[PDB]
Amino acid sequence: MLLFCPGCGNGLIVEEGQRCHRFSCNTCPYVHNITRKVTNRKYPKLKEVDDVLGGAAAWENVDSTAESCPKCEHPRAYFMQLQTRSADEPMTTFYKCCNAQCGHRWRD
Amino acid sequence: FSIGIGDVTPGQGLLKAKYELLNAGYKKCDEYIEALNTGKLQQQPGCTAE
Ligand SMILES: [Zn+2]
Ligand SMILES: [Zn+2]
């Protein structure tokens, strides 16, 4: 931790003496005896085990729609809405997702 | 071929159709606030509460 000396006001470093280890410093004569036990408890933040990403549970969040896909004849469809500027003048684009045994992604 | 302001006019039966949606949306969204404050909203993706 942080320990200072009361007489001078500077910090102390522990080093060996004659019969036992000593709390010494390099600014003023001041030594404290090291006795039965001195220790401090620290608690480093332990790591967490993270989540599995992906799956239909994640796709349950965004809302889907009812619209056929010309690949597997399913009304199953997720829709996405995005903004982007084309060459002439901006127009809102939309992404198409199939919620079936194939599950492909298109952009109209 | 012409366009006027009469073309884009909300129907009387349409104003109350979206009123229901806005009310239900507000009632449903303003619950998750105190739901998070109490401590809830089990999370599927690896993410933070907000
Ligand atoms: Zn000192
Ligand atoms: Zn498909």
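If you check the header, you'll see the entry was determined by cryo-EM and the resolution is listed as 2.9 Å.

1. Details of the overall build of chain B
Across its full length, chain B holds 1 helix and 0 strands. On C-alpha atoms alone, chain B measures out to a radius of gyration of 19 Å, which is more than a quarter above the 10 Å that the 2.2 N^0.38 rule sets for 50 residues. Oriented by its inertia axes, the alpha-carbon framework of chain B measures out at about 55 × 20 × 15 Å. Burial statistics for chain B: of 50 residues in total, 2% are counted as buried. For chain B, the accessible area works out to roughly 4900 Å², and carbon and sulfur atoms hold 61% of it. In chain B, which carries 5 positive and 6 negative side-chain charges, the distance between the mean positions of the two groups comes to 7 Å.

2. Concerning the interface of chain B and chain A
Listed per partner, the contact involves 4 residues of chain B and 5 residues of chain A. Contact with chain A buries surface across chain B, with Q44(B), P45(B) and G46(B) losing the most and accounting together for 96% of the total. At the boundary of chain B with chain A, the tally comes to 1 residue pair in polar contact. Taken together, the residues of the side of chain B that touches chain A sort by class into 1 nonpolar, 3 polar and no charged.

3. What about the coordination of the zinc ion (ligand 1)?
All names here are of chain A. Within the protein, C5 (SG), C8 (SG) and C25 (SG) serve as the donor atoms for the zinc ion (ligand 1), at 2.5 to 2.7 Å. In primary sequence terms, the donor set of the zinc ion (ligand 1) follows C-x2-C-x16-C. One end of the pair, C8, is in the segment before strand 1 (13–16); the other, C25, is in the loop between strand 2 (21–24) and strand 3 (32–33), and 17 residues separate them in sequence. For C8, a relative accessible area of 33% puts it in the partly exposed group. Its relative accessible area of 17% is what places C25 among the buried residues.

4. Here's the deal with helix 1 (residues 12–38) of chain B
Residue and element names in this part refer to chain B. In a regular helix each residue adds 1.5 Å, so 27 residues correspond to 39 Å; helix 1 covers 41 Å between its end C-alpha atoms and thus fits that length. Little of helix 1 is tucked away, with 1 of its 27 residues classed as buried. Trailing helix 1 by a residue or two, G39 shows a phi angle of about 110 degrees, which is positive.

Calculation criteria
- Residues numbered from 1 in each chain as written, not as in the entry; some residues may be left out.
- Chains lettered and ligands numbered in written order.
- Part of a larger assembly, values for the part shown.
- Heavy atoms only, no water.
- Helix = DSSP H or I, 4+ residues; strand = E, 2+ residues; numbered from the N terminus.
- Rg over C-alpha atoms; globule rule 2.2 N^0.38 Å.
- Buried < 20%, exposed > 50% of the residue type's maximum accessible area, 1.4 Å probe, protein only.
- Areas by Shrake-Rupley, 256 points an atom, 1.4 Å probe, with all protein chains shown as cover.
- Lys, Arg positive; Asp, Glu negative; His and termini not counted.
- Charge placed at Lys NZ, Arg CZ, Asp CG, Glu CD.
- Contact = heavy atoms within 4.5 Å.
- Buried area = accessible area lost by both parts, 1.4 Å probe.
- Polar contact = N/O pair within 3.5 Å; in protein donor to acceptor, adjacent residues only side chain to side chain.
- Nonpolar A, V, L, I, M, F, W, Y, C, P; charged D, E, K, R; others polar.
- Donors = N, O, S within 2.8 Å, 3.2 Å for Na, K, Ca; no water.
- Expected span 1.5 Å × (residues − 1).

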